[PDB]
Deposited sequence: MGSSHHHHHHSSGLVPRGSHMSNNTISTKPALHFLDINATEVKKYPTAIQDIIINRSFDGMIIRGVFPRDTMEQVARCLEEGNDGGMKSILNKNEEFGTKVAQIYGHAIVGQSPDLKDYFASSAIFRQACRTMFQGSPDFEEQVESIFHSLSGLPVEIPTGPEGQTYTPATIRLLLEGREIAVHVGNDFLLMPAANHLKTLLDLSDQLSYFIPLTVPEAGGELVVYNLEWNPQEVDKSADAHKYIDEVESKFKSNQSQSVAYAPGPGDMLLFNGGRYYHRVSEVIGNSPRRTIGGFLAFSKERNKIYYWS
């Protein structure tokens, strides 16, 4: 249904227009990049988190208790479902980048590594958007999926229609919004990204959003594909256009991903990435 590449991170230099090709030319829909981060780094970082020895990352952990099991616990305020003012977002964002830099210990640094991937696939500058008064957006959040939890079906271009995105809209292109994530830890089973042939309908509170995509999606039958990247593999895809979810986690070992999103600037002069 959907066309996904599977390449090694050593090869990224050879796909200088991958991001153009996914968003603009629509010539394929996504991409697994193996070994963007070493497995060592991924274990170190996961152990920093589970031991609570994490640069204080735990203090910006949203347990999302009131959602039950169709959502991740998330470290960092994700831009989604935030008030339009963004005071908490921007505060959380400064903390995240600190704790994250600390956990990666430059071996390699998260932001440096990811930016060089996005650079290699665009030939463009890559930046974390800055806010209207010079605040920083978070480059990423960390998603924790315990046993029996999943991420409910959703589509990413919807996010840029929420009040939270007002400011960011003023920076970005019309065009689609990619999703990216790297697993830190993968579960024994489940926790797969399932992507659907079904596209964001531009004709058309994250509680009522999830109940109203569940009935929208179950109206259509459409074709699916599933991906289960390993620790340190990046999955990068047109999650803006295509409905997708993450399947229930099976077994004790939980699923931890670090990820966000990715889009062209106003004039396609550069890439922005955030969560």
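Within the chain's deposited sequence, the coordinate-free stretches run 1-30, 235-239 in sequence order.
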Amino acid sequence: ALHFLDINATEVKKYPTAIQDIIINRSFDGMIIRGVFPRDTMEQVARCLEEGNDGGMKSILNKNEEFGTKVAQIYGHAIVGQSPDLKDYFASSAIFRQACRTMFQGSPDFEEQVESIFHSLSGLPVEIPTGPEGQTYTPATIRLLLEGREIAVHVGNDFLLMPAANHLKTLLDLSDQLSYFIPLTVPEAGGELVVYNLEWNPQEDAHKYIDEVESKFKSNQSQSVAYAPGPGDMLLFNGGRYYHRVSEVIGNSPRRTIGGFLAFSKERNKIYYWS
From here on, numbers count along this sequence of modelled residues.
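Here 212-220 and 246-254 are compared by their mean Cα B-factor, and 212-220 comes out higher.
Annotation for 148-156 versus 79-87: the higher mean temperature factor (C-alpha) is found in 79-87. Out of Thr130, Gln177, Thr141, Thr185, the entry records its largest CA B-factor for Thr130. Residue-level temperature factors show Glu43 in the middle third of its chain, judged at the C-alpha atom.
When the modelled residues of the chain are ordered by their C-alpha B factor, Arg34 lands in the lowest third. Sort the chain's modelled residues by C-alpha temperature factor and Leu2 lands in the middle third, per the entry. When the modelled residues of the chain are ordered by their C-alpha B factor, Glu204 lands in the highest third. Sort the chain's modelled residues by C-alpha temperature factor and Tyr137 lands in the highest third, per the entry.
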